[PDB]
Each structure stands twice: as structure tokens, then as C-alpha cells.
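Here you get one chain, nothing else, as C-alpha cells; it is the form deposited in one PDB entry.
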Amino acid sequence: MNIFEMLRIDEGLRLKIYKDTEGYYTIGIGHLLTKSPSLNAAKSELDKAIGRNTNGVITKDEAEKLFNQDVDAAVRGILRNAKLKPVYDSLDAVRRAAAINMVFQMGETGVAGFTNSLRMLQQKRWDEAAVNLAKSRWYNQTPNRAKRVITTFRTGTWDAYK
């Protein structure tokens, strides 16, 4: 298991434009296209992302290319964020994957406001962290996914993904 395999499980793979759990146009392995309700707007973003006229369909290779970029960007975002970086640096590699997973899903601004959870993670109070993480819109809207990510933070193992 690793961050790629982990997010592949959490996000799925769809080769045509679909709506994500929030109702936003998305493609590939959870590549958010736009928060706009316009399908045409989404197709424009898709074409710009891939570099050709796709008419809303991409290949698996193209999906994996965006996915790699998205993971890279999430990591790079964490490292450029003054609140996230020290917590990330403090973690082992398995818990780092859980951190990336959350940023991938909710964006770095969103996760940077998990102030109390971030502190518990830095402190390595894993059970406390796991309790605090669940007290969130995130947990309530995507409980099965949140439960997997929380278990990963709590245990530093891949148990929730085997």
C-alpha cells in the first residue's frame, strides 16, 4: 500500500465526467474539474487539463497522469503551508499518506483549519486525534472514507485498506 493505491481506493477511476460526493464535476481518480454547475465549464477545464478536445471522456493513461499531478500538488501544498508542514514533517510515512489523502479530498485550506486535530497529531496523541477528527462535516458526509483515513492516523498501519 502507498498514497497512490490508497487514493485509488478512496476515489475510484471513472473515465467520463461525473459528479463527486458534493455534486461537483470530476473525472479520472477524483480530479475535481470545477465547482460550477455548468457541464460546458467542466468540459472546458477538462480540455485545458489534458491539452486536447476531449468532449468529456479521457483514457486511463490520461486519468493516471492527472492523478500523479494532483498527488504531487497536494504534497507540495502541504510543504508550502506554515501550519501543515511541521505536522507533516513530524509524522511517519504511513500517517503522511493519511495527511495527503485529506488534502487531496478537501484542499489544504480546509485541512489547515483542523487546528486541534493537527496539534494532537504533532503530539502523537493518536486516539485523541482520531476522536477529534470524527467531529467534522467531513466525517458526517463521507463516514466510510473518513473512518479509513482516521484508522490510518490512529494506528500508523494500512489495516483499513487491506
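Heads up: residue numbers just count along the shown sequence, starting at 1.
*Asks:* State which stretch shows the higher mean Cα B factor in the entry: 112-120 or 23-31.
*Replies:* Stretch with the higher mean C-alpha B-factor: 112-120.
*Asks:* May I ask you to compare 63-71 and 36-44 by their mean CA B factor in the entry and name the higher one?
*Replies:* Result of the comparison: 36-44.
*Asks:* From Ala129, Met106, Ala99, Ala93, which pick has the Cα B-factor that tops the rest in the entry?
*Replies:* Checking the PDB record, the top C-alpha B-factor among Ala129, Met106, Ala99, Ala93 is at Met106.
*Asks:* Using only modelled residues of the chain, where does the Cα B factor of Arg125 rank: lowest third, middle third or highest third?
*Replies:* Middle third, going by the recorded CA B-factors of the chain.
*Asks:* When the modelled residues of the chain are sorted by Cα temperature factor, does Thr152 land in the lowest, middle or highest third?
*Replies:* For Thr152, whose C-alpha B-factor we compare with every modelled residue in the chain, the answer is the lowest third.
*Asks:* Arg52: which third of its chain by C-alpha temperature factor?
*Replies:* Its C-alpha B-factor belongs to the highest third of this chain's values.
*Asks:* How does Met1 rank on Cα B-factor within its chain, lowest, middle or highest third?
*Replies:* Ranked within chain, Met1 CA B lands in the highest tercile.
Unshown form deposited with a partner chain bound; subsequent notes refer to it.
*Asks:* Would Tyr161 sit within 4.5 Å of the partner chain in the bound PDB entry, counting heavy atoms only?
*Replies:* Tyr161: no, not in contact with the partner chain in the bound PDB entry.
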